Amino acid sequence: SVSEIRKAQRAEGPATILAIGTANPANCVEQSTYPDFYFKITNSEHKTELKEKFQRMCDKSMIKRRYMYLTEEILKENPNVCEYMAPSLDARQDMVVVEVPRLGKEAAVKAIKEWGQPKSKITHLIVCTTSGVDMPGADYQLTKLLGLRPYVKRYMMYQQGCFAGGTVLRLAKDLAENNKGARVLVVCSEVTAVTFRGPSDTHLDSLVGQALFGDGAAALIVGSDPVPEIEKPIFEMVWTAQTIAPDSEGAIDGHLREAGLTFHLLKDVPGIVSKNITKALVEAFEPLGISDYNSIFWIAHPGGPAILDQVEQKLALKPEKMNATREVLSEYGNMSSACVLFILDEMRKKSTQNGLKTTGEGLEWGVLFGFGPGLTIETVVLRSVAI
């Protein structure tokens, strides 16, 4: 009796991305003048050697601009947030408990418009953030804001970190594939108001975060068995993995304290990622008979430019493989979990714009990586869609 229920309950094909929408806070922060702005707003103009260090960090970040909820006015009303270490979580929480779901909503509405189907067909909702926590969570808030059905099945992924654009895909794949008819709204929404803080010359790792992290949200619609010519596949998920790199204990740690979310880097992240990326690739692609890593399309969490450069150098990727990734890093900076989803959007839009044969730059198979605390590597194997 259960066998019949099970066979009738499950979906049949591969989880597919059917729509992608993004959004960012309206405030555009140029990187070229950021060092001058940041050192003034944090009352750190006298830390001249540190300021020079920050300028080099920003000049080498390969980020031209970021979008930030935080403004000069907001920072002027919250001096505790402008300090390196002052009690400020309640202020930060008040910002991000509202801004996460607000920005998420903006991205989600865009994806839902693109998908074109009734929002009442959304059966599952995954919400992911590294920016603040609350109960009921941002999943409840987004259900209310969007007018989803009350019986949507929710998955609130809090305090996840930069690899979770990969984690939400891994999770959505099982939801979509094991449930016939299921349509999963996937929302990653990240707001750096929880992490912004002043500079300290004995905490340079912390300072790196201030050059790289930016805000944004991305939303997907994921489902199996798309309805031919009503729904429009963009990418298909085939296989996923998550692993912890050896010798990386404590590489990237973030603690949520009374002073907000702190960021620490205790190990060479570019070097750990580059030494371990090959093994992740062979686990994913050896069973598909593929070993030429220029023959697949690429999406890599741009944690900083050095991760990308060292990965490219390790594997001998052509410089063009990382173009969509670098274009997102350039235009938005490191938006933690949302970044990889912006990169998927950029890639399928550019491929479609330029008349390529597939959404994956004209290539069939592709890989998406997320990198973050653990040190964790998330791998998602994708297949593109014709046109």
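Numbers for residues come from their place in the sequence shown, where the first is 1.
Peer 1: Which is higher on average in the deposited entry, the C-alpha temperature factors of 292 to 300 or of 196 to 204?
Peer 2: Averaging CA B-factors over each stretch, the winner is 196 to 204.
Peer 1: Out of 328 to 336 and 35 to 43, which stretch has the higher average CA B-factor listed in the record?
Peer 2: Per the PDB entry, the higher value belongs to 35 to 43.
Peer 1: Which one, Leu256, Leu266, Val186, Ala91, has the peak C-alpha temperature factor per the PDB entry?
Peer 2: It is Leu266.
Peer 1: Compared with the other modelled residues in the chain, in which third is the CA B-factor of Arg149?
Peer 2: For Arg149, whose C-alpha B-factor we compare with every modelled residue in the chain, the answer is the middle third.
Peer 1: Could you place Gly223 in the lowest, middle or highest third of its chain by Cα temperature factor, using the values in the record?
Peer 2: Lowest third - that is where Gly223 ends up once the chain's C-alpha B-factors are sorted.
Peer 1: Please rank the C-alpha B-factors of the chain's modelled residues and tell me whether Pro287 sits in the lowest, middle or highest third.
Peer 2: As the PDB entry reports it, the C-alpha B-factor of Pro287 lands in the highest third of its chain.
Peer 1: Select lowest, middle or highest to describe the third in which the CA B-factor of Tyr69 falls within its chain in this entry.
Peer 2: Within its chain, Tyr69 is a middle-third residue by C-alpha B-factor, going by the deposited values.
Peer 1: Which third, lowest, middle or highest, does the CA B-factor of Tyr158 fall in along this chain?
Peer 2: Its C-alpha B-factor, which the entry lists for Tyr158, ranks in the lowest third among residues of this chain.
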